[PDB]
Amino acid sequence: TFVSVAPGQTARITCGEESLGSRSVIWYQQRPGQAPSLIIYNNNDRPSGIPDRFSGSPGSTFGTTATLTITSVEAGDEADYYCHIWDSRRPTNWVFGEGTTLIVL
Amino acid sequence: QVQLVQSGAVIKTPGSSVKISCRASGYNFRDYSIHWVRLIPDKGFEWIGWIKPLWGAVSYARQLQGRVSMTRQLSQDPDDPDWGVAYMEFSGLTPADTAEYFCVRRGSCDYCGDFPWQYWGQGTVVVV
Amino acid sequence: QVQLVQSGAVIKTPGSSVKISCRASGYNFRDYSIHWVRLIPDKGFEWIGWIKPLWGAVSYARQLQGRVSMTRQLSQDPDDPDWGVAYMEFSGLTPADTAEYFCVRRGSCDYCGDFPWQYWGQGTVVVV
Amino acid sequence: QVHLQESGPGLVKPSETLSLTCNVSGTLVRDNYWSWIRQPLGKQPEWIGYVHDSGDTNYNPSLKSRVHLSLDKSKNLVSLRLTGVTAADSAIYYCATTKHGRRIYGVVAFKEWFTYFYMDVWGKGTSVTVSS
Amino acid sequence: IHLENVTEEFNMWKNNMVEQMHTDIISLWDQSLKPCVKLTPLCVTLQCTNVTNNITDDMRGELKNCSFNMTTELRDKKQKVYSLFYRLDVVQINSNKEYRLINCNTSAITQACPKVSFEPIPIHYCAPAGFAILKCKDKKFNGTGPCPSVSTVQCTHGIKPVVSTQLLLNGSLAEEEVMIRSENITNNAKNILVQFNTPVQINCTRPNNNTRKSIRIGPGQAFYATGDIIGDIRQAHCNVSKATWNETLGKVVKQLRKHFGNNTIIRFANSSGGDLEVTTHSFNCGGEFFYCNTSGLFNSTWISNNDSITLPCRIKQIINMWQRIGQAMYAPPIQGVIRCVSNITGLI
Ligand SMILES: *[C@@H]1O[C@H](CO)[C@@H](O[C@@H]2O[C@H](CO)[C@@H](O[C@@H]3O[C@H](CO[C@H]4O[C@H](CO[C@H]5O[C@H](CO)[C@@H](O)[C@H](O)[C@@H]5O)[C@@H](O)[C@H](O[C@H]5O[C@H](CO)[C@@H](O)[C@H](O)[C@@H]5O)[C@@H]4O)[C@@H](O)[C@H](O[C@H]4O[C@H](CO)[C@@H](O)[C@H](O)[C@@H]4O[C@H]4O[C@H](CO)[C@@H](O)[C@H](O)[C@@H]4O[C@H]4O[C@H](CO)[C@@H](O)[C@H](O)[C@@H]4O)[C@@H]3O)[C@H](O)[C@H]2NC(C)=O)[C@H](O)[C@H]1NC(C)=O
Ligand SMILES: *[C@@H]1O[C@H](CO)[C@@H](O[C@@H]2O[C@H](CO)[C@@H](O[C@@H]3O[C@H](CO[C@H]4O[C@H](CO)[C@@H](O)[C@H](O)[C@@H]4O)[C@@H](O)[C@H](O[C@H]4O[C@H](CO)[C@@H](O)[C@H](O)[C@@H]4O[C@H]4O[C@H](CO)[C@@H](O)[C@H](O)[C@@H]4O)[C@@H]3O)[C@H](O)[C@H]2NC(C)=O)[C@H](O)[C@H]1NC(C)=O
Ligand SMILES: *[C@@H]1O[C@H](CO)[C@@H](O[C@@H]2O[C@H](CO)[C@@H](O[C@@H]3O[C@H](CO[C@H]4O[C@H](CO)[C@@H](O)[C@H](O)[C@@H]4O)[C@@H](O)[C@H](O[C@H]4O[C@H](CO)[C@@H](O)[C@H](O)[C@@H]4O)[C@@H]3O)[C@H](O)[C@H]2NC(C)=O)[C@H](O)[C@H]1NC(C)=O
Ligand SMILES: *[C@@H]1O[C@H](CO)[C@@H](O[C@@H]2O[C@H](CO)[C@@H](O[C@@H]3O[C@H](CO)[C@@H](O)[C@H](O[C@H]4O[C@H](CO)[C@@H](O)[C@H](O)[C@@H]4O)[C@@H]3O)[C@H](O)[C@H]2NC(C)=O)[C@H](O)[C@H]1NC(C)=O
Ligand SMILES: *[C@@H]1O[C@H](CO)[C@@H](O[C@@H]2O[C@H](CO)[C@@H](O[C@@H]3O[C@H](CO)[C@@H](O)[C@H](O[C@H]4O[C@H](CO)[C@@H](O)[C@H](O)[C@@H]4O)[C@@H]3O)[C@H](O)[C@H]2NC(C)=O)[C@H](O)[C@H]1NC(C)=O
Ligand SMILES: *[C@@H]1O[C@H](CO)[C@@H](O[C@@H]2O[C@H](CO)[C@@H](O[C@@H]3O[C@H](CO)[C@@H](O)[C@H](O)[C@@H]3O)[C@H](O)[C@H]2NC(C)=O)[C@H](O)[C@H]1NC(C)=O
Ligand SMILES: *[C@@H]1O[C@H](CO)[C@@H](O[C@@H]2O[C@H](CO)[C@@H](O[C@@H]3O[C@H](CO)[C@@H](O)[C@H](O)[C@@H]3O)[C@H](O)[C@H]2NC(C)=O)[C@H](O)[C@H]1NC(C)=O
Ligand SMILES: *[C@@H]1O[C@H](CO)[C@@H](O[C@@H]2O[C@H](CO)[C@@H](O[C@@H]3O[C@H](CO)[C@@H](O)[C@H](O)[C@@H]3O)[C@H](O)[C@H]2NC(C)=O)[C@H](O)[C@H]1NC(C)=O
Ligand SMILES: *[C@@H]1O[C@H](CO)[C@@H](O[C@@H]2O[C@H](CO)[C@@H](O)[C@H](O)[C@H]2NC(C)=O)[C@H](O)[C@H]1NC(C)=O
Ligand SMILES: *[C@@H]1O[C@H](CO)[C@@H](O[C@@H]2O[C@H](CO)[C@@H](O)[C@H](O)[C@H]2NC(C)=O)[C@H](O)[C@H]1NC(C)=O
Ligand SMILES: *[C@@H]1O[C@H](CO)[C@@H](O[C@@H]2O[C@H](CO)[C@@H](O)[C@H](O)[C@H]2NC(C)=O)[C@H](O)[C@H]1NC(C)=O
Ligand SMILES: *[C@@H]1O[C@H](CO)[C@@H](O[C@@H]2O[C@H](CO)[C@@H](O)[C@H](O)[C@H]2NC(C)=O)[C@H](O)[C@H]1NC(C)=O
Ligand SMILES: *[C@@H]1O[C@H](CO)[C@@H](O[C@@H]2O[C@H](CO)[C@@H](O)[C@H](O)[C@H]2NC(C)=O)[C@H](O)[C@H]1NC(C)=O
Ligand SMILES: *[C@@H]1O[C@H](CO)[C@@H](O)[C@H](O)[C@H]1NC(C)=O
Ligand SMILES: *[C@@H]1O[C@H](CO)[C@@H](O)[C@H](O)[C@H]1NC(C)=O
C-alpha cells in the first residue's frame, strides 16, 4: 500500500471496489498525529483551501476503480489516503476503504 | 345450447362483500360480452355493467363505481375451449342492495346488437 | 453496407511468417470471392491470390507459390450468416516484403466482373 | 470557524455503558447535522453514523442497538451513549458535522438518486482504551 | 382516378377486409415462428434471488438472478447456468425459494429468431382482376353513409402494421379538423375512435445497458438470455410534451361537445382494469415490448366556458398476444440502451 515518488512529480492512488453503477467518491487524507481532512467531496470536486491538481476519476465510468491523481507532489503531501465510495448499486459503506500511505523521497 | 350456471342464494351482513360466480358453457367463451344486471322489487331493473373476457375489459355503471369488481377466468387447454367463468365481487353492502342478480349474454345474429340479451342466468337473490 | 475490418500494422523478423486476418461483415459471406493484393512503394500493385470460402478453393500467384497460405472460417449458426473471417499466412519474409496489404471484394452488379474490386480493406502495413 | 472538543474517560472497563460528550465552537447544534467516527490504530475509520433533529438519526446497522446518539440544544453539545464496551471498542472517536448532497443519475421523481455525506470539519479526539 | 356525379354509401363497421387482414397478420405471424426454436427443455426448477443492488425493503426490484440446471451439447453432461428475468414472468412454487416460468404449467413456448425484426413495413393491399377498390376523398366523414367525393384505386396506400392496445401510433392523421368516429355514439360499449389532426411526439426508452448471453441447449440449438447489466439499475419510461397534449385535448373536447350537448362537463379517468395489457397501451420498440402506465394522461376535467409528462413502463419477455390457447412467445433480450420516437396519431 506504499507508493514513493519524487517530490514535484505525478502520482496515482487507487482505492476501493470496482464501479458497478454511478458513484460518489470521497477522498480524505490523514497526516500522522492529526484528525482526518477532506480533500475531494464529489467525483471531481474540491472545497476551498485545498489547491488544485488533486484530480479524481469521473463518476460515470462503469467497471473502473476509484483513483486519485496528484500531480506536482510535495512533502506536505505525505499523508494517508482514504477512499469513500458511494455507489448507487452497492449499499452504504459504513467503513472506509484501505489506507494507502503516500511517502516521498 | 347455452348454459349459464350461477350460484345459489346467500345472506350477508351490511358493509360486507359478496362474490357471485357465473359459469358459461356451450359456446366460444372468448368471443362474446358478459353483462351483469340486477332486479330490486318495486324499482325495476338496473344495469350494472359488462366485461369482455378476451382481456377482461370492463365497464361499470357510473352510480355504482368504486363498489363493484368484475373478473374472469378463461379455460386454457387444447381440450376445453368452451367453458369460462365470470365473477362479480360487489362491495359495500346495504340492505337496499337486497336484490336478484343476473349474468346474461347477447344474441348471436348479425343484426343482434349488444344489449338485446338472449341468454339469461337462473338468477341469484342476495339479502342483506 | 460492407465492412472489411483488417488487423493493424506489425513488425516481423526476416524469414518469419505473418498472419493477417480479414473479418467481412454485412453480406452473405458464402457467395463472393476474396482477393488479397499488395502495395510496395515504387512498385505499384501486385496481385496475390483469391479464395472462395464456400469450400476455400484457392488460387495463388505463380511467382509466390510455396510461400502464401490462405484459409477461411465461416459462421455456422442460424443467427449470424453474414460475418466470415478470411486469413492469410505469408511465409518466408524478406525486407523487400515490406508492404501494405489489402483484402478486397468484387462488385455485385450483373456486368460486374471479378477483378473490379468494389469494397476494400483499410490497409495493413508490414515492415520487416 | 468551528472546532469540536471530545470528552470521555479514556480508560473503560468491559461491559460498561460508555458515554462521550462533544463541545462546540461558534456554530450552534441546531444548524447542522452531526456525526461520530471511530478509528482503531493503523486502520481505516468506521463511520458510526449521523445524528440530527427531526428523524435524521440513522445508525450503523453493524451495532445499531448498543449506541445512542443525541444532541443538547440547551447546552449546545453533542452526546453519545454506548452500551457494552468490548475489547475491539478501544479506538479514537470523533465528533464532526457533515454536509449532504443529492447524487442524481436519472428521473428524480422515480427516486433515481441518493444522498452522499462528507465530514467537513473534525474533532480532536479521545483515545478510549478498554482494560481491567 | 377521380369519379364524378357519384353517391356511394360506405361503412367501416360492416366492412370486410379488416376481418381477413386480422386473419392474415396472425397467419404471417405464425409463418414467422415455424423456423424458430422451441423451449421445451427449459421449463425447470429455478433457483432465483435478488439482483445485486442496494435494495429498498418497501419497494421492489424487477430483476431476478436465476440459476438452474440445463442440458449441454452432449446428453451426459449437465451444466449450471444463470440469467436475469423480470418479476412478471416467474412465479413461486412450494424455507428456501424456488421459482418457475408462468407458462410452463399451461403452454409451450417459442423463442423468436433474432434474425427477424418487428418493425412495420408498409403493406399495400390490392384487388385481383374483376374487382375494384373505392376511396372516400371527402374531408368530413364520420364513417357511415354517403360520400360524394370518391375515387377508385388499384392498390391501397401505405399501411404500417402497429400493435398498440391504446394510443395508436405512427398512423395516418386527419386533414384539418380533429375527427371522432363511432358506430353508434349513444351506445356506450361500442368504442370511439379519435383521429386527431396534429401528431404529438413521444419519447420512450429503457436506459439500462443490456448484455445478452448465448446458451447452447442441445445439438445445434441456441438460446439467448439476459446476462450482466452494466451501469445504473434504472427504470424504463416514456415522455410527451405537456402543452401539446393540453392543446390536443382542447381540440378533442371542442369536437366532442357537438355530440353530447353544448353545455356539458367532460372529464377523463384512467382505465378501469382488466388485463395488464389493456390497462395501459402496449407497444413494441426495437423488437421489445412495453406495457407503460397511462394514468398521468387521462386525469383532467373540462368546463363549458418546457415541461413534459413522464410516465413509467414495465417490460415483459413472454407474451400471449391475441390470447391464444396454448401458444406463447418468448422475446429475446437485445443489446445496449433502447429508445424510440413515435408520432402518436389516434385514441381509442
Ligand atoms: C423524459 O423527460 C424526463 C424529464 O422530463 C427526462 O429525465 C431527465 O433525464 C436526464 C437524463 O437521463 C437526467 O439528467 C441527469 O441529471 C442529473 C442532475 O442534473 C442537475 O444537477 C446537476 C448538478 O446539480 C448541481 O447544480 C445545480 C444547479 O445546476 C444545483 O441546484 C445543485 O445543488 C448542484 O450543485 C446540474 O449540473 C445539472 O445541470 C446540467 O444540465 C442543465 C440542463 O440544461 C445545464 O443547463 C447545466 O449546464 C448542466 O449541464 C442539472 O441541474 C445530472 O447530475 C446527470 O448527469 C451526471 O450523471 C450522468 C450519469 O452517467 C453522467 O453521465 C453525467 O456526465 C453527469 O455526471 C457528471 O456530474 C456528476 C455530478 O457530481 C459527477 O459526479 C460526474 O463524475 C460527472 O462529472 C464529470 O463531468 C462534469 C461535466 O459534465 C465535470 O464537471 C466533472 O468534474 C466530471 O468531469 C444527468 O444529466 C435528469 O435528471 C432527468 N430528470 C429531469 C427532471 O430532468 C428523461 O430523460 C426524458 N426521456 C427521454 C427519452 O428524453
Ligand atoms: C414510428 O415510426 C418511426 C419511424 O420509422 C419508428 O422509428 C424507427 O424505429 C426503428 C426500430 O425501432 C429504428 O430502426 C433502428 O435504427 C437503429 C439506428 O440506425 C439507423 O439510424 C442511423 C441514423 O439515423 C442510420 O445511419 C442507420 O443506417 C440506421 O438507419 C439501428 O441500429 C437498428 O438496426 C438494428 O436493428 C435491426 C432490426 O432487425 C437490424 O436489422 C439491424 O441490422 C441492427 O441490428 C443489429 O445490430 C444490433 C446492434 O449490434 C444487434 O444487437 C442486432 O442483434 C443486430 O445484429 C434499426 O435499424 C429507426 O431508426 C427509427 N427511426 C428513426 C428515424 O429513428 C418508430 O419505431 C415507430 N413507432 C413504433 C411504435 O414502432
Ligand atoms: C399508474 O401511475 C399512477 C401515477 O403515476 C399510479 O398512481 C399511484 O399509485 C400509488 C400506488 O400504486 C398510489 O398509492 C401511494 O402509495 C405510496 C406508497 O405506499 C407505501 O409507502 C407508504 C408510506 O410512504 C406506506 O404507508 C404504504 O403501506 C406503502 O408501503 C404511499 O406513500 C402514498 O401515500 C401518499 O399519498 C397519501 C394520499 O395523499 C398521503 O396521505 C401519504 O402521506 C403519502 O404522501 C399512496 O398511498 C398513489 O396514490 C397513486 N397516485 C395517485 C395520484 O393516486 C398508479 O398506481 C399506476 N398504475 C399502476 C397499475 O401501478
Ligand atoms: C440505499 O437504499 C437505502 C434504502 O433504504 C437508503 O436508505 C435511506 O436513505 C435515506 C436518504 O439517504 C435516509 O434518510 C431519509 O431522508 C429523508 C429526507 O430528509 C428523511 O425525511 C427521512 O426521515 C423519514 O424516515 C425515517 C426512517 O423511515 C423516519 O424515522 C423519519 O421520522 C422520517 O419519517 C430519512 O431520514 C433513510 O433513513 C435511509 N433508510 C434506511 C433504512 O437506512 C440508502 O441511503 C441508499 N444508499 C445508497 C448508497 O444509495
Ligand atoms: C447473478 O447471480 C450470479 C450467481 O452465481 C452471479 O454470478 C457470480 O457473481 C459473483 C459476484 O459478482 C462472482 O464472484 C466473483 O467472481 C470473479 C471471477 O472469479 C472474481 O474475480 C471476483 O473476485 C472479486 O471479488 C472478491 C470479493 O472478495 C475479491 O476478493 C477479489 O479480489 C475480486 O475483486 C468474485 O469472486 C461469481 O464468480 C459469479 N459466478 C458466475 C458463475 O458468474 C452474477 O454476478 C449475478 N449477476 C447479476 C447481474 O446480478
Ligand atoms: C443444478 O443441478 C444440480 C445437480 O442436480 C443441483 O445440485 C443438487 O442439489 C440437491 C438439492 O439442492 C443436492 O442435494 C443436497 O446436497 C447437500 C450437499 O451435499 C446435502 O447436504 C443435502 O442433504 C442434499 O443431499 C445435491 O447434492 C446437488 N448435487 C450437485 C451435484 O450439486 C442444483 O441444485 C441445481 N441448481 C443449481 C442452481 O445449481
Ligand atoms: C354519423 O354521421 C352521419 C352523416 O355523416 C349520420 O347519418 C345521418 O345523420 C342524420 C342526422 O344526424 C340522420 O337524419 C335523421 O333522419 C331521420 C329519418 O330519416 C329524421 O327523422 C331525423 O330528423 C334526421 O333528419 C340520418 O338518418 C343519418 N343517416 C343514417 C344512414 O343513419 C349518422 O347518424 C352519424 N352517426 C350516428 C351514430 O349518429
Ligand atoms: C386509476 O386511479 C386509481 C386512483 O389513483 C388507482 O387506484 C389505486 O391503485 C393503487 C394500486 O393498487 C392502490 O395502491 C395500493 O397498493 C398497496 C400495495 O400493497 C395495496 O395494498 C392497496 O390495497 C392498494 O392496492 C391505490 O390505493 C388505489 N387508489 C384508489 C383510490 O383506489 C388505479 O390503479 C388507477 N388505474 C390504473 C390502471 O392504474
Ligand atoms: C397454471 O399455473 C399457474 C400457477 O400455478 C396459474 O396461475 C395462477 O393461478 C392461481 C390459482 O391457482 C391464481 O390465483 C393466480 O392469479 C394465477 N396467476 C396468473 C399470473 O395467472 C394458472 O392459472 C394455471 N393455469 C392453468 C390453465 O391451470
Ligand atoms: C464446434 O466445435 C468443433 C470442435 O470443438 C470445432 O472444430 C474445430 O475447432 C477448432 C477451434 O476451436 C479448430 O482449430 C479446428 O480446425 C476445428 N475442426 C474442424 C474439423 O472444424 C468447430 O469449429 C466448432 N464450430 C462452431 C460453429 O462453434
Ligand atoms: C453499454 O455497455 C457496454 C459495455 O461493454 C459499452 O460497450 C463499450 O463501449 C466503449 C465505449 O463506447 C468501448 O470502448 C468498448 O469497447 C465497448 N465494449 C463492448 C464490449 O462493446 C456500451 O457502449 C454501453 N452503451 C451505452 C449506450 O452506454
Ligand atoms: C390527476 O390530476 C389531478 C389534478 O390535476 C392530480 O391531483 C393532485 O393530487 C395531489 C394529492 O397528493 C396534490 O398534491 C396535487 O396538487 C394535485 N395536482 C394538482 C395539479 O393540483 C392527480 O395526481 C392526477 N393523477 C395522477 C395519477 O397523477
Ligand atoms: C412524425 O410526423 C411528423 C409530422 O410533422 C414528421 O415530421 C415531418 O416529416 C416529414 C417527412 O417525414 C419531413 O419532411 C418534415 O421535415 C418533418 N417535420 C419536422 C418539423 O421535422 C416526422 O418525420 C414523423 N416521424 C417521426 C419519427 O417523428
Ligand atoms: C430478496 O427478495 C425479497 C423479496 O423481494 C426481499 O425481501 C429481500 O430483501 C431480497 N434480498 C435478499 C438478500 O433476500
Ligand atoms: C354548441 O356550440 C356550438 C359552437 O361551439 C354552436 O354552434 C351550437 O349551436 C351549440 N349548440 C347548442 C344546442 O347551443
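What the deposited record gives as its method is cryo-EM, and the resolution it gives is 4.0 Å.

Right, let's talk about the environment of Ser22 of chain A for a bit. Its place among the elements puts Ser22 of chain A in the loop between β2 (11-18) and β3 (26-30). Considering only alpha carbons, one finds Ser22 of chain A and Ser60 of chain A, 38 residues apart in sequence, at a separation of 5.6 Å. Not counting the four nearest positions on each side in its chain, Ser22 of chain A is found in contact with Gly59, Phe62, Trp86, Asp87 and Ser88 of chain A, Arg103 and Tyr105 of chain D together with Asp232 of chain E.

Among the nonpolar cores identified, the biggest contains 35 residues, and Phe196, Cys238, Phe283, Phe290, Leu297 and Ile344 of chain E are the most heavily contacted of them. When residues of this core are traced back to their parent elements, those giving at least two are β13 (193-210), β16 (237-241), α2 (242-256), β19 (289-292), β21 (308-314) and β22 (336-347) of chain E. The biggest single contributor to this core is β13 of chain E, with five residues. Among all residues touching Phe196 of chain E, those that are not within four sequence positions of it are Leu173, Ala174, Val178, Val252, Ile344, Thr345, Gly346 and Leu347 of chain E. Among the nonpolar cores identified, the runner-up in size contains 27 residues, and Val18, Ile34, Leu74 and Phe90 of chain B belong to it.

Time to look at the environment of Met179 of chain E. Residue and element names in this part refer to chain E. Within the secondary structure, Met179 is located in strand β12 (residues 179-181). A relative accessible area of 10% places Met179 in the buried class. For the pair formed by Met179 and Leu193, sequence separation is 14 residues and the distance between their alpha carbons is 8.5 Å.

Once that is clear, we can look at the interface of chain D and chain E. Many analyses report the size of an interface as the accessible area lost when the parts associate. Chain D puts five residues into the contact, and the matching count from chain E is five residues. In total, about 510 Å² of surface goes out of reach between chain D and chain E, with carbon and sulfur atoms giving 59% of it. Of all residues in chain D, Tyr105, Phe110 and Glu112 of chain D give up the largest surface area on contact with chain E, accounting jointly for 80% of the area buried on that side. Inspection of the region where chain D meets chain E yields one salt bridge.

What follows deals with the site of ligand 1. By nearness alone, 18 residues border ligand 1, and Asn42, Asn43 and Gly59 of chain A, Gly106 of chain D together with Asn239 of chain E come closest of all. At the site occupied by ligand 1, nearby residues are drawn from chains A, D and E. Within the side chain of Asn43 of chain A, one N or O atom sits 2.2 Å away from an oxygen atom of ligand 1. Residue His237 of chain E places a side-chain N or O atom 3.4 Å away from a nitrogen atom belonging to ligand 1. Counted by class, the shell around ligand 1 contains three nonpolar, 13 polar and two charged residues.

Rules used throughout
Each chain's residues are numbered sequentially from 1 according to the written sequence, a convention that need not reproduce the entry's numbering, and residues without coordinates are excluded. Here every chain gets a letter starting at A, and every ligand a number starting at 1, in the order they are written. Values throughout apply to the part shown, which belongs to a larger assembly of chains. Excluded from the side-chain calculation are hydrogens and water; included are all heavy atoms of the structure. Strands are runs of DSSP state E lasting at least two residues, helices are runs of H or I lasting at least four, and both sets are numbered from the N terminus onward. Here, residues are in contact when the closest pair of their heavy atoms is within 4.5 Å. For this analysis, a nonpolar core means a set of buried residues of the types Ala, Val, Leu, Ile, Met, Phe, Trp, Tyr and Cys, connected via side-chain atoms within 4.5 Å. Think of it in three bands: with a 1.4 Å probe and only protein chains considered, a residue is buried below 20% of the maximum accessible area for its type, exposed above 50%, and partly exposed in between. Summed over both partners, the accessible area (1.4 Å probe) lost when two parts come together is defined as the buried area. Salt bridges are defined as contacts in which a side-chain nitrogen from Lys or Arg sits within 4 Å of a carboxyl oxygen from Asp or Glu. Throughout, near means a residue has at least one heavy atom within 4 Å of the molecule or strand. A 3.5 Å cut-off defines polar contacts: any pair of N or O atoms within that distance qualifies, except that in protein one atom must be a possible hydrogen donor and the other a possible acceptor, and neighbouring residues in sequence count only when both atoms are side-chain atoms. Note on residue classes: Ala, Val, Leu, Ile, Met, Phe, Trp, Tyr, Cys and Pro are nonpolar, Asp, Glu, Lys and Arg are charged, and everything else, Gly too, is polar.

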